[PDB]
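Trainee: For reference, the structure I am asking about is given below.
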Amino acid sequence: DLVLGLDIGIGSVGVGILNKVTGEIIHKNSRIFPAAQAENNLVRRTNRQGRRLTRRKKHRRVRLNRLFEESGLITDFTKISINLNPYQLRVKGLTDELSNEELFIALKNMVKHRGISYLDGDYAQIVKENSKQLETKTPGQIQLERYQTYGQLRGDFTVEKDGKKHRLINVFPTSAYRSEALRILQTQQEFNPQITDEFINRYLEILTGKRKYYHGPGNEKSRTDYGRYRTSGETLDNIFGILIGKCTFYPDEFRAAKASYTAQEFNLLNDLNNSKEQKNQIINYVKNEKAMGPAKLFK
Amino acid sequence: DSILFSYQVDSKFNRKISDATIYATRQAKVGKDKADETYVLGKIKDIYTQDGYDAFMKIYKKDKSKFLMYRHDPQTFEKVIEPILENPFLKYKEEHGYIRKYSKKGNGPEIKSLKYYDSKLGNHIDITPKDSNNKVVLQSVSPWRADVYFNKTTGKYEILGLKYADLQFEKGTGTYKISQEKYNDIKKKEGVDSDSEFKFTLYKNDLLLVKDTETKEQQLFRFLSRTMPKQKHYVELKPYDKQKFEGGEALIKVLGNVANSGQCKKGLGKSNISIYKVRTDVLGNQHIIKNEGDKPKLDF
Amino acid sequence: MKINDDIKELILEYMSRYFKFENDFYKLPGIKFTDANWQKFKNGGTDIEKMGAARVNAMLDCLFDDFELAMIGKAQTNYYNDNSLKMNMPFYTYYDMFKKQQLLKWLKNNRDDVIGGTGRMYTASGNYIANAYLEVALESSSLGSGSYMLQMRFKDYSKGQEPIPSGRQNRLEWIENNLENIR
Amino acid sequence: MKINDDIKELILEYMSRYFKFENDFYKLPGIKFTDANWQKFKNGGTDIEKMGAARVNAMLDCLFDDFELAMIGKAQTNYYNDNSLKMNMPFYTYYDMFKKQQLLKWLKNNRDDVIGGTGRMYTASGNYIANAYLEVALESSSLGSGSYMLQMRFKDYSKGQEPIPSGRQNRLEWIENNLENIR
Amino acid sequence: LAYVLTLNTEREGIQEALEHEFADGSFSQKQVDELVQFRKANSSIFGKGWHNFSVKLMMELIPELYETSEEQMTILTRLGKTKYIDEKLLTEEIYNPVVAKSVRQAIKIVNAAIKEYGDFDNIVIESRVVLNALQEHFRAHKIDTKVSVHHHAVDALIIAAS
DNA sequence: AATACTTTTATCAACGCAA
RNA sequence: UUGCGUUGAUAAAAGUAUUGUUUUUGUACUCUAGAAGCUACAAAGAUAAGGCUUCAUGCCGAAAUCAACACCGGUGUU
């Protein structure tokens with residue numbers, strides 16, 4: 001007997017209700033809410049992942065302190081001089097003897113700046129030019145050369161040479177840092193015998209260790225809802241495995257892969273049906289006999 | 001004009017507490033100074049671009065003593081204003097190179113940036129490190145809600161203000177709340193007496209009702225925030241029908257008229273006034289309250 | 001307690017310990033000095049025993065916890081009964097000794113209820129100092145709404161640029177390792 | 001703490017509780033009223049917040065223990081944050097409630113360290129009142145020379161003419177049986 | 001094996017899915033390494049996607065497909081809160097955040113109005129998801145109600161008259 | 001507090017084959 | 001309305017790298033081994049205020065959810 005009406009907008013709905021036999025207003029109202037901005041979730045997500053990066057850098061330094069204190073090299077970490085040049089000790093310890101405290105300085109500075117690992121487009125051209133330079137030296141030699149030639153070391157900065165101008169950058173791959181750290185640790189192993197091979201495997205695990213993009217955050221006893229160690233007690237294998245969609249008619253079943261026998265025989269059947277003997281004949285022919293193709297199927 | 005409105009309330013508690021930018025202050029004498037004062041510093045990021053020269057000449061045509069090099073290295077500033085006489089910094093760069101400082105020889109450092117005394121210190125959070133010498137702050141501190149108190153021995157209202165950064169993760173169990181002693185400090189600063197009765201608390205887009213005592217008038221507002229934190233009880237309000245208060249529009253007798261900008265920054269800490277809170281339905285049925293509970297909600 | 005010149009020295013010491021500019025303190029609501037009158041109070045001019053009761057109690061309430069005023073009374077009882085203490089050290093050094101004796105008794109008797117945290121202090125203009133001091137409490141003596149009956153208040157004077165860690169076990173280990181650097 | 005009119009009512013209540021003639025109290029050394037000025041203070045004339053700091057601190061130091069002033073501060077924090085307490089009961093009744101809550105927590109958590117005794121109070125003329133109050137302390141919190149850090153102070157309002165027994169077990173049983181008669 | 005090779009994209013995920021999901025599989029290392037190089041060889045073909053159907057319905061249907069020339073929608077034709085209204089459909093079907101918000105606040109308005117006054121027959125909205133939602137709720141609740149798809153209050157009053 | 005890279009899952013549109 | 005094959009737009013979540021801001025210290029620049037803390041370069045600490053336990057490829061903190069109160073997914077009123 002009554003008629004409802006709604007005017008839907010971006011941040012408002014106007015609403016009314018009438019009777020239509022008399023035509024008097026039974027109710028009218030205006031409901032106002034703020035808009036659904038997607039810029040705030042982008043801000044929140046960006047800040048969360050930046051906080052994770054800062055956390056994991058500090059945890060690498062903490063793990064290095066624990067490794068250096070457990071193996072008994074240095075007792076306390078308050079008398080360490082912060083006014084020594086780390087690149088000079090990093091290039092010196094490749095052939096000479098580091099005095100047990102400059103070794104900690106060199107390894108801490110090396111674990112503070114590791115490298116990129118997606119490589120294994122101007123930015124690509126600059127990092128390939130830098131790789132074309134590092135094929136004969138370690139990156140510590142490159143950084144010390146830039147330091148004692150131009151004064152600057154860090155950032156991205158341009159230098160005018162005698163006849164040309166090139167912009168320099170501080171980006172090296174992780175393999176070069178790992179090779180340099182392995183060389184320094186083998187030379188100091190030849191000098192100082194407290195650095196066993198398990199120290200070198202633990203330090204290289206701290207240096208080149210990264211997570212996988214399908215793992216996420218968390219640990220076995222850390223229980224994150226953003227990572228594979230779910231907070232319900234279980235453990236996923238790949239976190240994009242619970243995001244795969246449902247079926248179209250039974251909304252509780254996982255989908256199938258497109259690249260198996262089942263979906264492919266279903267697709268050939270759906271293109272063939274718009275009888276049974278030559279259905280099976282064409283299907284076993286395409287299944288078992290090779291050098292196949294669409295023009296070959298029409299032939 | 002018998003239409004009813006219905007707004008949505010904003011009562012979330014953990015939002016952006018401040019900027020993440022770390023500022024620097026100095027104590028100096030700038031302008032009309034009879035004592036030292038704390039000044040937030042600034043920086044021209046690079047002077048050879050188009051923006052850095054414009055910012056430099058803006059500061060220069062405002063006041064010359066704002067630059068820190070003007071007070072700590074004067075002859076280098078003389079060799080900075082010899083180029084600006086005859087041309088600018090980009091032309092000096094494309095002929096002679098980087099603008100080095102004053103020295104005996106050509107071996108001083110280059111000049112790419114310049115700091116100055118930007119502004120005076122307002123709302124902040126003191127995040128000064130342990131072994132530091134000047135103050136270090138965080139700016140842009142936002143407000144969250146208001147608690148309205150009322151005492152009988154004066155017969156007028158007093159108004160608190162809580163920010164997002166007044167709450168904390170606590171030290172034994174990790175809960176998000178504010179203590180009672182810090183709340184007593186916030187009550188003391190805003191001028192609330194100890195023996196006042198807590199009436200209610202106001203969030204943003206919460207419907208306020210102002211009634212008078214001598215001439216029986218009624219006005220209805222939306223609350224926004226707790227502006228002007230130098231003198232007390234000032235509240236920023238917004239209309240109920242529209243989104244703005246443009247003009248010198250009159251509201252009721254005892255409040256006055258809106259300013260020339262369009263902002264309604266009133267002082268509700270006065271006698272001859274009365275406040276209710278309106279809690280609407282989603283269809284607009286205004287229900288009026290006078291007492292919320294016994295104590296303000298402090299644990300979340 | 002007893003109000004005398006030793007309380008004036010203790011007040012000026014703890015003000016110089018927690019606040020870094022003096023005008024953050026002497027303009028607080030309830031205290032409310034003026035610049036000439038603050039210079040009169042600081043430089044020995046005004047006798048502390050004939051001032052207002054509410055002003056001196058507001059200064060002591062800002063600088064000290066509620067358990068710490070009780071410990072001030074007990075150290076005043078013990079201090080004025082010995083010539084070694086009265087003729088060798090000032091009163092704020094003996095109050096520091098009394099406070100660390102109570103902390104060591106807490107760590108010995110019941111180590112697994114000692115909690116701690118970062119303390120926050122409001123200035124005269126409404127803006128707080130984040131990380132003004134270190135709070136140390138006993139978790140068994142809780143009243144409710146984040147209040148503790150037995151609670152003390154320290155400040156670290158370390159020379160290293162590493163902060164106090166979070167978590168119960170890590171902060172307890174930091175407190176046990178740095179027992180000469182806090183004061 | 002905070003000094004206001006509620007502290008004046010609390011002072012007059014506890015003076016009427018421990019001393020039986022008022023001139024035993026207002027002529028003590030450090031307090032030292034006169035008869036006209038005591039009638040001015042008592043009958044509402046003088047505001048307590050602008051008096052001397054040492055005199056009000058001497059009155060509070062005579063009537064209360066050192067732990068009890070801390071409990072006054074904590075009850076003042078909790079009392080002015082609630083309209084039920086602020087508009088129903090005066091402050092000395094809520095201070096009594098706070099004090100008995102702390103005593104019940106002591107009896108529940110650690111019953112075998114609660115000791116007690118008979119308290120003795122000096123008048124203005126040098127002669128004491130024997131058995132002025134009942135002292136209740138925790139034996140673990142001893143400082144030395146007969147001082148305790150955590151100590152409270154009660155008065156029995158029983159209607160029977162039997163005294164409190166001596167010995168640890170007998171006095172603890174009396175305290176547990178008469179928990180509504182002490183105040 | 002198709003699931004494991006489609007979802008995982010590099011060596012350790014492939015390896016531990018083949019070692020961990022195939023219960024008592026006892027696969028060798030040689031075939032694991034050659035499946036790693038095989039997945040590395042075809043990324044454009046094998047990382048195609050996921051089929052929109054499930055293996056339960058398709059194992060219901062692959063034998064049936066053969067005996068008759070019949071199409072899928074006609075084959076599936078041939079095989080075939082207690083008073084208030086749900087938030088299921090309005091939280092699932094999200095086209096934009098703005099559309100999701102506005103339609104769910106409007107549906108709160110709708111169900112408050114149907115709680116207050118009573119029954120209805122005509123509902124007007126100034127698309128088809130909300131339409132068949134309301135139409136199936138009203139048929140399932142046995143109610144014949146036809147749903148059809150200052151200033152905004154006046155405009156809603158005007159289209160309620162229209 | 002911004003700029004460079006890598007990857008996954010899902011949804012709308014529109015361009016066709018069929019119903 | 002439903003499935004398949006192309007290519008645009010979007011959303012949600014994950015892993016990394018290099019700076020930026022800021023504090024101390026050192027070196028240079030300046031004024032007489034001291035001082036000023038401007039202007040550069042390099043180390044080390046912090047990076048929304050903070051907080052947790054399991055002791056680590058550790059974890060959480062800037063979004064959305066919304067009128068309150070009483071009695072059996074429902075039920076009553078200012």
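By convention in this document, the chains of the structure tokens carry letters A, B, ... by their order, each chain's residues are numbered from 1, and ligands are numbered from 1 in the order they are shown.
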Please return, as a PyMOL selection string, all residues of chain D lying within 12 Å of chain C when only C-alpha atoms are considered.
Mentor: chain D and resi 1-5+7+30+47-78+81+98+101-102+105-106+109-110+140-151
Trainee: Output the contact residues of chain E with respect to chain F at a cut-off of 10 Å, based on only C-alpha atoms (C1' of nucleotides), as a ChimeraX atom specification.
Mentor: /E:7-9,71-74,93-96
Trainee: For a quick test of understanding: name the residues of chain C lying within 10 Å of chain B when counting only C-alpha atoms, and present them as a count of residues only.
Mentor: 44
Trainee: Please find the residues of chain G near chain E - the criterion being any atom within 9 Å, counting only C-alpha atoms (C1' of nucleotides) - and write them as a PyMOL selection string.
Mentor: chain G and resi 2-3+10-11+73-74
Trainee: What residues in chain A have any atom no more than 8 Å from chain B when counting only C-alpha atoms, and can you write them as a PDB file with N, CA and C atoms, in the first residue's frame?
Mentor:
ATOM      1  N   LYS A  28      10.448  11.494   4.524  1.00  0.00           N
ATOM      2  CA  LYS A  28      11.537  11.994   3.698  1.00  0.00           C
ATOM      3  C   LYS A  28      12.776  12.133   4.579  1.00  0.00           C
ATOM      4  N   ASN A  29      13.956  11.877   4.001  1.00  0.00           N
ATOM      5  CA  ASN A  29      15.203  11.937   4.765  1.00  0.00           C
ATOM      6  C   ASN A  29      16.407  12.015   3.834  1.00  0.00           C
ATOM      7  N   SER A  30      17.516  12.518   4.388  1.00  0.00           N
ATOM      8  CA  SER A  30      18.798  12.632   3.697  1.00  0.00           C
ATOM      9  C   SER A  30      19.884  12.015   4.568  1.00  0.00           C
ATOM     10  N   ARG A  31      20.566  10.992   4.054  1.00  0.00           N
ATOM     11  CA  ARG A  31      21.651  10.321   4.758  1.00  0.00           C
ATOM     12  C   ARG A  31      22.970  10.637   4.065  1.00  0.00           C
ATOM     13  N   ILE A  32      23.933  11.148   4.830  1.00  0.00           N
ATOM     14  CA  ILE A  32      25.192  11.672   4.307  1.00  0.00           C
ATOM     15  C   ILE A  32      26.343  10.931   4.974  1.00  0.00           C
ATOM     16  N   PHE A  33      27.208  10.322   4.173  1.00  0.00           N
ATOM     17  CA  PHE A  33      28.415   9.673   4.659  1.00  0.00           C
ATOM     18  C   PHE A  33      29.615  10.102   3.825  1.00  0.00           C
ATOM     19  N   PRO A  34      30.830   9.996   4.366  1.00  0.00           N
ATOM     20  CA  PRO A  34      32.018  10.299   3.558  1.00  0.00           C
ATOM     21  C   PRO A  34      32.249   9.278   2.453  1.00  0.00           C
TER      22      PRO A  34
END
Trainee: Among the residues of region 56-201 of chain B, find those DSSP assigns to alpha helix (DSSP H) from the backbone and print them as a PyMOL selection string.
Mentor: chain B and resi 56-62+68-72+74-85+89-96+180-189
Trainee: Enumerate as an MDAnalysis selection string the residues belonging to chain B that approach chain G to within 8 Å, with only C-alpha atoms (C1' of nucleotides) taken into account.
Mentor: chainID B and resid 8:9 14:24 68:69 72:73 101 103 107:111 129 131:132 136 165 168:171 173:174 279:282 287:289
Trainee: Create the file for the chosen residues now, containing N, CA and C atoms and written as a short mmCIF file (atom, residue, chain, number, x, y, z; two decimals), in the first residue's frame.
Mentor:
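result25.cif was written with the following content:
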data_model
loop_
_atom_site.label_atom_id
_atom_site.label_comp_id
_atom_site.auth_asym_id
_atom_site.auth_seq_id
_atom_site.Cartn_x
_atom_site.Cartn_y
_atom_site.Cartn_z
N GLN B 8 27.03 10.45 9.63
CA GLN B 8 27.78 9.30 10.12
C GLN B 8 28.87 9.77 11.06
N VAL B 9 29.09 9.03 12.13
CA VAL B 9 29.97 9.43 13.21
C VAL B 9 31.36 8.87 12.94
N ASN B 14 42.82 4.87 16.51
CA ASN B 14 44.23 4.78 16.12
C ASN B 14 44.34 5.22 14.67
N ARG B 15 44.62 6.50 14.47
CA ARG B 15 44.82 7.08 13.15
C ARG B 15 46.18 7.76 13.13
N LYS B 16 46.42 8.55 12.09
CA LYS B 16 47.71 9.20 11.88
C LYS B 16 47.95 10.22 12.99
N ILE B 17 48.95 9.96 13.83
CA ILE B 17 49.13 10.79 15.01
C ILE B 17 49.86 12.09 14.67
N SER B 18 50.71 12.08 13.64
CA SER B 18 51.53 13.22 13.26
C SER B 18 52.15 12.92 11.90
N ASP B 19 52.96 13.85 11.43
CA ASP B 19 53.85 13.56 10.32
C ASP B 19 54.95 12.62 10.78
N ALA B 20 55.57 11.94 9.83
CA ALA B 20 56.75 11.15 10.12
C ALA B 20 58.03 11.94 9.86
N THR B 21 57.91 13.23 9.55
CA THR B 21 59.05 14.07 9.22
C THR B 21 59.66 14.64 10.49
N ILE B 22 60.98 14.55 10.59
CA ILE B 22 61.72 14.97 11.78
C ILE B 22 62.26 16.37 11.54
N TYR B 23 61.80 17.33 12.33
CA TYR B 23 62.16 18.73 12.17
C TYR B 23 63.23 19.14 13.18
N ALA B 24 63.86 20.27 12.91
CA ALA B 24 64.89 20.82 13.77
C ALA B 24 64.50 22.22 14.22
N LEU B 68 70.78 31.35 8.14
CA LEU B 68 71.76 31.01 9.17
C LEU B 68 73.17 31.40 8.75
N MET B 69 73.43 31.48 7.45
CA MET B 69 74.74 31.90 6.98
C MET B 69 74.93 33.40 7.16
N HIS B 72 76.17 33.32 10.75
CA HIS B 72 77.31 32.49 11.12
C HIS B 72 78.46 32.50 10.12
N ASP B 73 78.28 33.10 8.94
CA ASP B 73 79.38 33.24 7.98
C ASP B 73 79.07 34.41 7.06
N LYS B 101 82.53 28.63 -1.09
CA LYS B 101 82.41 29.61 -0.01
C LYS B 101 83.54 30.64 -0.10
N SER B 103 87.20 31.59 1.10
CA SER B 103 88.42 31.02 1.66
C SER B 103 89.59 31.88 1.23
N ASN B 107 89.40 26.48 -2.37
CA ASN B 107 89.27 25.13 -1.84
C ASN B 107 88.16 24.99 -0.80
N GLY B 108 87.25 25.95 -0.69
CA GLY B 108 86.14 25.83 0.22
C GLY B 108 85.11 24.85 -0.30
N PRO B 109 84.21 24.40 0.56
CA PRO B 109 83.15 23.49 0.10
C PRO B 109 82.13 24.22 -0.77
N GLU B 110 81.39 23.43 -1.54
CA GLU B 110 80.38 23.99 -2.42
C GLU B 110 79.10 24.27 -1.65
N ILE B 111 78.26 25.11 -2.24
CA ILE B 111 77.02 25.55 -1.61
C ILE B 111 75.88 25.11 -2.51
N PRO B 129 66.62 13.26 21.07
CA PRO B 129 67.44 12.13 21.51
C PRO B 129 68.17 12.37 22.83
N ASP B 131 71.68 12.34 23.72
CA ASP B 131 72.85 13.22 23.72
C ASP B 131 72.68 14.40 22.77
N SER B 132 71.56 15.10 22.80
CA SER B 132 71.30 16.17 21.85
C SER B 132 71.48 17.53 22.51
N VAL B 136 64.09 18.64 19.14
CA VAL B 136 63.74 17.93 17.92
C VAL B 136 62.28 17.51 18.04
N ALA B 165 47.49 11.33 19.57
CA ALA B 165 48.76 10.99 20.18
C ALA B 165 48.73 11.06 21.69
N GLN B 168 48.19 5.42 24.09
CA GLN B 168 49.46 4.72 24.13
C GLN B 168 49.20 3.22 24.22
N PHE B 169 50.11 2.43 23.65
CA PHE B 169 50.21 1.02 24.01
C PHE B 169 50.89 0.92 25.36
N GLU B 170 50.26 0.23 26.30
CA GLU B 170 50.73 0.26 27.68
C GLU B 170 51.74 -0.84 27.96
N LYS B 171 52.33 -0.78 29.15
CA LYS B 171 53.62 -1.39 29.41
C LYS B 171 53.55 -2.80 29.97
N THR B 173 50.61 -5.22 29.22
CA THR B 173 49.72 -6.08 28.46
C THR B 173 49.49 -5.62 27.04
N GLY B 174 50.01 -4.46 26.65
CA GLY B 174 49.89 -4.00 25.28
C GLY B 174 48.51 -3.51 24.90
N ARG B 279 21.31 12.23 19.31
CA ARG B 279 21.66 10.92 18.77
C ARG B 279 20.51 10.53 17.85
N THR B 280 20.75 10.65 16.55
CA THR B 280 19.72 10.40 15.56
C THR B 280 19.65 8.92 15.22
N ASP B 281 18.54 8.53 14.61
CA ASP B 281 18.40 7.22 14.02
C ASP B 281 18.97 7.31 12.60
N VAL B 282 18.94 6.20 11.86
CA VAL B 282 19.37 6.26 10.47
C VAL B 282 18.30 6.93 9.61
N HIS B 287 17.01 11.83 19.05
CA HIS B 287 16.81 11.60 20.47
C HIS B 287 17.81 12.44 21.26
N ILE B 288 17.34 13.11 22.30
CA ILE B 288 18.14 14.09 23.03
C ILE B 288 18.59 13.46 24.34
N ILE B 289 19.88 13.61 24.67
CA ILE B 289 20.43 13.09 25.91
C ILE B 289 20.99 14.25 26.73
#
